[PDB]
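Results of the structural survey
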Amino acid sequence: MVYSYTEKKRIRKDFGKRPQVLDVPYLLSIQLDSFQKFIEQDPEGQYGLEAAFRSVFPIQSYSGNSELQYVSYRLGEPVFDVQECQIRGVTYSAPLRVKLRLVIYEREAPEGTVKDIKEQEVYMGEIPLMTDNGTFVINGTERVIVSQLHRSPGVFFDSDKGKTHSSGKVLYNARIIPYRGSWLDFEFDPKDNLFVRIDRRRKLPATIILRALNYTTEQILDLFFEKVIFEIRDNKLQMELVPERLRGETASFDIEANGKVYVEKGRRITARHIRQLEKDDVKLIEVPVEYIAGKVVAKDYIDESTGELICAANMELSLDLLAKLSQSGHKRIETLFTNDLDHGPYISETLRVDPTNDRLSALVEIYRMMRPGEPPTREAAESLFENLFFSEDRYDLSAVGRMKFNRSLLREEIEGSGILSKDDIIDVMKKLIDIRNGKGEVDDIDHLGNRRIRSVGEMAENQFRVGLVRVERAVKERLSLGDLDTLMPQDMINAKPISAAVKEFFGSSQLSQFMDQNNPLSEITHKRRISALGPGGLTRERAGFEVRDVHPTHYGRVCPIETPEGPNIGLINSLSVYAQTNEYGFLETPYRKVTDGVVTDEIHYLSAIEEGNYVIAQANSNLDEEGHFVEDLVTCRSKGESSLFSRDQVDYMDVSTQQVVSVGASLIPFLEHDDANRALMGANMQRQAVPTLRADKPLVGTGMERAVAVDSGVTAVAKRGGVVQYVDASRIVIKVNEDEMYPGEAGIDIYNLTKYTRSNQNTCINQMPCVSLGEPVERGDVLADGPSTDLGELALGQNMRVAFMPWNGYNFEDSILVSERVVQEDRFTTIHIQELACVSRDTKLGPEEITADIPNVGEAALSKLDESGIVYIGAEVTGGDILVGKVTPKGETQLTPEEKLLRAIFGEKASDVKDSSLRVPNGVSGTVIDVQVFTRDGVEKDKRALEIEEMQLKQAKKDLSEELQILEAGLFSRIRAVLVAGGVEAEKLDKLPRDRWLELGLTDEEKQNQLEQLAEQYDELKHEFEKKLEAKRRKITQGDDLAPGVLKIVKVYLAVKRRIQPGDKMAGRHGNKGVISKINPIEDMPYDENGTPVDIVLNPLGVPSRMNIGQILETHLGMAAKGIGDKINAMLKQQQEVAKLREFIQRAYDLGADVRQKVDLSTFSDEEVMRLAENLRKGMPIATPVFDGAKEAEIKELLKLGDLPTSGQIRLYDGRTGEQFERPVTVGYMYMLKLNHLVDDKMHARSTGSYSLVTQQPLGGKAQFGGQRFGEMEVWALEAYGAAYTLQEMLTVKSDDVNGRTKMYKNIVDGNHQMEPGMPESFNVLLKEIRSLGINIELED
Amino acid sequence: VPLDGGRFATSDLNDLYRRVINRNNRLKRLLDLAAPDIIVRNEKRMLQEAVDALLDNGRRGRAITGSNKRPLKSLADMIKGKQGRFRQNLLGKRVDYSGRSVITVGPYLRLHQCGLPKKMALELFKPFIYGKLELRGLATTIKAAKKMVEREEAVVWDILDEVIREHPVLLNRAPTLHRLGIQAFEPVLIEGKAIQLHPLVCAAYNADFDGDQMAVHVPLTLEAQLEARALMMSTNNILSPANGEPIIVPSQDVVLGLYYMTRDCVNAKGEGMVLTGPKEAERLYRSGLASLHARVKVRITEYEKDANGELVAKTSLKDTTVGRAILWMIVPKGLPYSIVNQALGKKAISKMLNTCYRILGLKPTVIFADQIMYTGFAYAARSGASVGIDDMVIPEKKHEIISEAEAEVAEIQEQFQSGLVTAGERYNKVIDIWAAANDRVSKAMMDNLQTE
Amino acid sequence: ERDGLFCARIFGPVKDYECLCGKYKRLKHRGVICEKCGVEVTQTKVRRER
Amino acid sequence: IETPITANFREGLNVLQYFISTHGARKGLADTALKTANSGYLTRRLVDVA
Amino acid sequence: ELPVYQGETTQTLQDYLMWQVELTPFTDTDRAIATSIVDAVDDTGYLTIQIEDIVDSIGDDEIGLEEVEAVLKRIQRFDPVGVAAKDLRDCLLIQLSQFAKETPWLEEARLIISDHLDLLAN
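Looking at the method and resolution fields of the entry, one finds cryo-EM and 3.4 Å.

The title given for this PDB entry is "CryoEM structure of bacterial transcription close complex (RPc)".

In its Catalytic activity section, the UniProt record describing chain A reads: "RNA(n) + a ribonucleoside 5'-triphosphate = RNA(n+1) + diphosphate".

Secondary structure summary: chain E contains six helices and zero strands in total. Compactness check: chain E gives a C-alpha radius of gyration of 18 Å against a globular reference of 14 Å for 122 residues, more than 25% above the reference. In terms of overall dimensions, chain E has a C-alpha envelope of 60 × 45 × 30 Å along the principal axes. Taking as baseline every contact in chain E between residues at least 6 positions apart, the subset at least 24 positions apart corresponds to 45%.

The next subject is empty space enclosed by the protein. All names here are of chain A. Approximately 230 Å³ is the volume found for the largest cavity. Lining the largest cavity are 14 residues, with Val 56, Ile 59, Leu 100, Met 124 and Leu 468 positioned closest to its centre. Breaking the lining of the largest cavity down by element, the ones donating at least two residues are β2 (66-75), β3 (93-105) and α15 (456-480). A per-element tally of the lining of the largest cavity places α15 first, with four residues. Considering only residue class, the lining of the largest cavity consists of 13 nonpolar, no polar and one charged. Lining the second largest cavity we find 15 residues, and of these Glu 813, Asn 1072, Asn 1099, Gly 1102 and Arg 1106 sit closest to its centre. Put simply, the parts of the chain that give the lining of the second largest cavity at least two residues each are β36 (815-819) and α25 (1102-1105). Partitioned by chemical class, the residues of the lining of the second largest cavity number four nonpolar, eight polar and three charged.

With that settled, consider the interface of chain E and chain A. If you look at the interface, chain E gives 15 residues, while chain A gives 16 residues. With three residues, the top contributor of residues to the side of chain E that touches chain A is helix α1 (residues 15-23) of chain E. Taken together, the residues of the side of chain E that touches chain A break down into nine nonpolar, three polar and three charged.

Residues and elements named next belong to chain E. According to the stated counting rule, one finds 67 salt bridges over all chains in the structure shown. In this structure, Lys 73 and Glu 69 form a salt bridge, with 2.4 Å as the shortest nitrogen-oxygen distance. Given a relative accessible area of 15%, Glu 69 falls into the buried group. In this structure, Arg 89 and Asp 90 form a salt bridge, with 3.9 Å as the shortest nitrogen-oxygen distance. Note on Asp 90: relative accessible area 17%, which makes it buried.

Time to look at the interface of chain B and chain A. If you look at the interface, chain B gives 83 residues, while chain A gives 93 residues. Regarding the contact of chain B and chain A, the summed buried area is about 8100 Å², with carbon and sulfur atoms giving 60% of it. Area buried by chain B at its contact with chain A is led by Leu 91, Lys 93 and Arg 94 of chain B, which between them contribute 11% of it. Where chain B packs against chain A, one counts three salt bridges.

Let us look at the side chain of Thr 350 of chain A. Residues and elements named next belong to chain A. With respect to the helices and strands, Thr 350 occurs in helix α10 (residues 348-351). One polar contact links the side chain of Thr 350 to the main-chain carbonyl oxygen of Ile 347, over a distance of 2.6 Å. Ignoring sequence-local partners within four residues, the contact set of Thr 350 consists of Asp 192, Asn 193, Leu 194, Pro 205 and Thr 207.

What follows covers the packing of helix α32 (residues 1284-1291) of chain A against helix α9 (residues 222-230) of chain B. At their nearest, the axes of α32 of chain A and α9 of chain B sit 8 Å apart, and the two run at 130° to each other. Between α32 of chain A and α9 of chain B, the angle is such that the two are oblique. Crossing hand, α32 of chain A versus α9 of chain B: left-handed. On α9 of chain B, the residues touching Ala 1284, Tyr 1285, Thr 1286 and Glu 1289 of chain A of α32 of chain A are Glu 223, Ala 224 and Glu 227 of chain B. Its residues assigned to classes, the contact of α32 of chain A with α9 of chain B shows three nonpolar, one polar and three charged.

Rules and cut-offs
- Residues numbered from 1 in each chain as written, not as in the entry; some residues may be left out.
- Chains lettered and ligands numbered in written order.
- Part of a larger assembly, values for the part shown.
- Heavy atoms only, no water.
- Residues with missing side-chain atoms left out of burial classes, pairs and counts.
- UniProt positions renumbered as here; feature names shortened; annotations may be inferred.
- Helix = DSSP H or I, 4+ residues; strand = E, 2+ residues; numbered from the N terminus.
- Rg over C-alpha atoms; globule rule 2.2 N^0.38 Å.
- Contact = heavy atoms within 4.5 Å.
- 1 Å grid on protein atoms, 1.4 Å probe; cavity = no way out; pocket = protein on both sides within 12 Å on 5 of 7 lines; lining within 4 Å.
- Points joined across faces, edges and corners; volume = space filled by probe spheres on them.
- Nonpolar A, V, L, I, M, F, W, Y, C, P; charged D, E, K, R; others polar.
- Salt bridge = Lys/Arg side-chain N within 4 Å of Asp/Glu carboxyl O.
- Buried < 20%, exposed > 50% of the residue type's maximum accessible area, 1.4 Å probe, protein only.
- Buried area = accessible area lost by both parts, 1.4 Å probe.
- Polar contact = N/O pair within 3.5 Å; in protein donor to acceptor, adjacent residues only side chain to side chain.
- Axes fitted to C-alpha atoms, helices over the stretch in contact; angles between N-to-C directions.
- Parallel < 35°, antiparallel > 145°, perpendicular 65-115°, else oblique.
- Left-handed = near helix turned anticlockwise from the far one by under 90°.

So, in structure tokens, the structure goes:
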């Protein structure tokens, strides 16, 4: 049993073969839980505002022994509510008040505290607060910030293979990108050099960082290289041999190992010889002298007797030098392997290239690298090299990044400091050398385990830190000057930088933009979108071909089928239904734990890396009741690939089929029966819909529509509600049960419905109650339906009878034929809402006021105006009509009796006021629904502003006094119950209360005290009511801040109705992308044997190429559901018993599969069945999951049950000739959507107008009519026609040649039809711009 | 550049000017007082840098504006590039009319006609309406004509219909990459807010009416009208300049209709009987015989142009269907009858149009293509065009072929695991086996679907 | 201002037949130069040519 | 990939097959969206040369 | 987003009076007079100078004083009728002559305006 009230009204049949184990999440936790921790008080300073305060907490003066501490912070209540900020136009934020502690240490005394100034808190900016839905109220507008997907900080070894060098060279490099600070690269070179590159600047000698870190040449040769063995005794040249250290190298001759020879000289080295040499003991073996020249010395040695400069480090051994060093006094000389077959030095070749060797000569190069001049005085270079990425001031690199860096080098320790030491860079270079020589594999940039996502909270914390450091320096520079003072710390703290930073971050940002209001599915998708463009990550849409591509790791993390069709395809992604975020910042996906072949109900969230070592099975697999697999061979993923494996190697399974598809494309019925790109573009087209007059639920859906409509927040959900007492078109009240509310409360919940409020997309929003009277609503149920919502289920489009047949060619490739019944029923009719604002614009020539007495206009236009200047609500306005009467005063005049004549004759005009009214743009027919007016404080020009003020006052007083009346009734009932059996008749309390006669003779022992307590409680309630009313009235007319030069602003809202017409882009949810060509009348449209004509006609030529069998399946299922609905409506109209209807409903609901159990008479009380059947009489809703939809056999069975043909085809007749159509065409209903691409705005027309000041060319936009872009591809076409005169009149007498176009206009008016070439103004502008430089151009003749 | 209120910053073009001016003034002031050499040298270097940034910025220093990091455009930045002067001046001039309306389809229009809304045909042809009002004496002045136009009187529409009758208008789609992009047509007064386009010309415009708009331009002079009527009409661009084959070929609907109209199943109604020729259209509407009927003898008269100078008639009995005869009824006399016999495929219609153009002329083949479009839009809509899920037939042997391919892949991977096959082959052989299985499946599907 | 950007007597004239001073206006002087204001009385469209 | 797709749109497609075809569809869309600039540049050059 | 912010050339009741001149048919000499007349028009709407002033400023003694009147008698039925009036009174005369003679008290009002405005002033 569903045991639900909002669901029992209309139950949607589902065909999901696999049971759900995990419920749908809140679907908005990525935006709600991220901003929460940023604003939530945390005990430990891990994240949030505590981490930002503790980061710049130490504030010490320059040798002043002064510090500024703090205890904690707190946020106050907002000044205005959520709806008040949208009405007025101010941002919704909370003030940040934090306590401080200024303790100055007494000088000449170790840690001497004299006094503290920790008794006053300071306000540090207003921090914006996110609403419950996930949006902001910045500047009275709803804005959304998009999270940024960027490469996680750490070290990444790139391959860089291909035409990078055009020689088949795989230059292996190593790059490290910290969260904050300077970057560092280790790019390779075709000459086997590890060139260092810092911040993509000029190249480096590749060993400056090694010498600047106090590491000498001997230390480098001992660390990066190993000396195996070297010995010399009586010129024997004997050295040890290790087979594991070096092997595979061919020897010339003289290969003997203590007598018996193991490896024959002159033969190829084999593994058998190596094994035989390793089996026996190896000692110092003699080597020829020719091998000395090949070896290189590692450490420099000197003679014990003479300190000569011979035997330099890192130099090839020479013969003439050898005979000297043999008698120098050094018998052991460190050598290198130099086995190029397996080991590549790549360092000794680079050491000789560096012209500098000393530490100072190395640390000056890095300073000369960043600064072209200003040589360092032994203190600038070291400070620049230490403060770059070693001072921790600007190298704090998101210690999650430190853990990621430790994971790359196989370091078991994950917790460390932000700044690294020399060992980190040494290990990075060693790993790069090992990768170059061959070790492991390179990293993947497109891998999700290597890139993180920064949400709103992290960016806000970053911003707040950047804004607060400005203060740190400020307070630091202020505490240095004038330290001998006992003033308060208020003068040092300045929240202006913090406020400016937070404002610049929230108000206008690249990743923070307005959100679409229509089809709240779009709101949900925008709250879950992930972008790449912005600060960091990718720079432009054209970054690369492989970056913006689908990756195998996108299985259960992002949505690959959802991406914009624009040129930025691949960079924008959408989170899945079950995707989450790691504590570090990576993505996760849930799986079911499978052990010893059985499946456990427990779920585990695995990341991108953790999911790579385990085996995960697929969701569409057979499973027994006990949890065992039916088939031994199961398809599952081991490492990036799907193959067959046994039931024992499988470790995890998927949760549901909806895991790999987001909520934007999961609503598409029969997703698997459509093309990839078609469904891809259709999911995006879904977000481009517009609501209509009456929302109609889809006859075939997925079930997720309810969750979408609930989580969208556009509807009115019920919280802690009980029995409903009163409803209205805008107000609803609910009386909560006694066992639910807390003591000290009346126990009522009010709900105000949004009625005709302007949206961000020039559309309308509206809410209507779904309950009538005396209906109980549990917690979590819906109360009202917003735009495009029906009974808690999302209803974007409407179900219309469709067909697939040509009709005189009115259904071309992407055109749709619409009948006339659609227009009569006002189907797809939408309502647009616009606003017009006007300001007083106070100037020097006195102020401007509205008086509705403007001259130069008769009483005809002023008939619609009021006594203040605005028009009455409800009045219709067509074209240019006066809405707000505003005047602009002009300068005073002299006596001027000539002008004084007209001044005294015609009244009080005398050129004092102009006609600067509203003057709306060109012809637009509409009505006024509501107005709005703001006025700064200190102005008493409210001629009619008190009307809306009193209206809002009464609206608030109603809900304020409802609770007061409920409490007064409760107190009166308590009084009447406390006087029982006290000698008071029922006629006394019924006529008048009279304060219970002040308890005259009720009991004389406790009745007096009871009456006193009751009177005290009544007085307290009266005082609370008076205080609440006073506060509400003060908050209503408190006043709104306006522009300095503006005195008062008046805004009027207009609402227009737009119907269907030829040129509207109607398209379903399968990729139809069709338009309207002509509206066919009723009788002209074809009909069936019953006389019911179709409403929508499509093109049957689309389905073969554009593979969209899913839409045809949806059509057949809708036909079946409408057959069922017609049967139910017939059974309801013919007045059958309740038993037959119940049996029919149970039979229609319990057949098809074993997907679920649903039977009536168990929860219904023979009264809910009637209201349940009265809702689905126009159609039966059907739910089909994404990859587990209904089969064709079930559709055929439902068609047979609904007295419909099995195939779906039926004979039709022509509406013009009345002849039967051979080859019967399929008939059925389909869910159509209306897009925002009507011809009411795309149409444009202009013959003449205003031109620009430069080159005298028209504009390009629509407002202030301007011409379109006549590109080169249009004139190039005209050159192929030979139309010289046409191109001349197009480029000369249309845009330029101000006199030429005037002469053309004059000749067309007179009928001469003659033109002149003249001279283009743009050519003269170009000549004038070129003559400004040292170029001389003139026109000779 | 007034942005908001009293914003007279004059940025990106005058900041460099005032900077150079103040630098020169300071340099002159310092030189007038005999300043030291190092100071005046530094001042001259700064002035040189400022002049270099003013003449061409971006090469050295990259002087940015104080507002944001946006690099200001110097005197040379506004000349070169995609945003330079040579882009707007050279083939970048905007036109007054410019069209910009939503394009749609119309089956009742002609090849040399176009449907324009009455609201759009009134603003564009405003000077023509003023001239006509001043000529006919309905408007004594220009102000009176403007007032009559703004009020939209009844006689205004009649005068507009009289004037726009023979005035061509050239319409073109915004994406154009050939010569057939811009073509001229004749306006037609139709209600609504959408420009109607001819269905046959869509192939030249490469449009599907999925939401694309259309640009429209109105010529003014008489020579422009002559160039649009004699060189820019659809009736003159029938062939493609890149090939010469007819580009006016019909769309999917007309081809499908003509293909279904000329068929015969086995012995459908109206089979084996003898009758006249064009008379066969009576039995179709009167249900006396189906359009699909084989072994039907009809009287066909062929006007062959084999004789040099004039054509001669030939009468003989031929074997054909009813739809082929109905099609021949509209087929011109010059074309033979053997061209409408091979089921009239897509390639057949193009070949027929090419032969008609090369034998009989331009006007005949244009009228014939118009009649073909008409009869196609009629018969495709009337007779057989449909679609359903039952139409997709699945072969029964598909499962057997898939099982055999899976068994072969299993044997291949078993041989690979045994050690006799490497990875390279254990991959190529599987690819080849799957390709052969797909080919087999396609054959078995075509065996059960085609002519079955 | 005088001797600056957009100034008078340089870079083009001011309103067609009205000097910035306030004398020699109303098309009563075609090409004369006043002593109080050295602004020509040419059309304003020539301002884009000097 | 070794394992091909053996499920038409009439009998429905599985998750792995659709996920694999999504890659080819994205590649095709990216190619069709990025070849237009190259075609336009080629036409620009061919017109400017002749 | 270039040099000119957007740049727009507003029309104005000077350019609008010039527009009409072109459309209307005058000779080459009448055209000049008219150009001169409209130069004298101000923001208020009144020919600024005088009648004979324009005749004296055209420098040619030939051109009659009625010549300008003839032109000036037709320019003041242009757009706003009564533009370029002659001393805040010819306006009424021009504005009144315009609408039809079926108005109730046109006679009376004409007679008032003609010589009896001084009395109406009080």
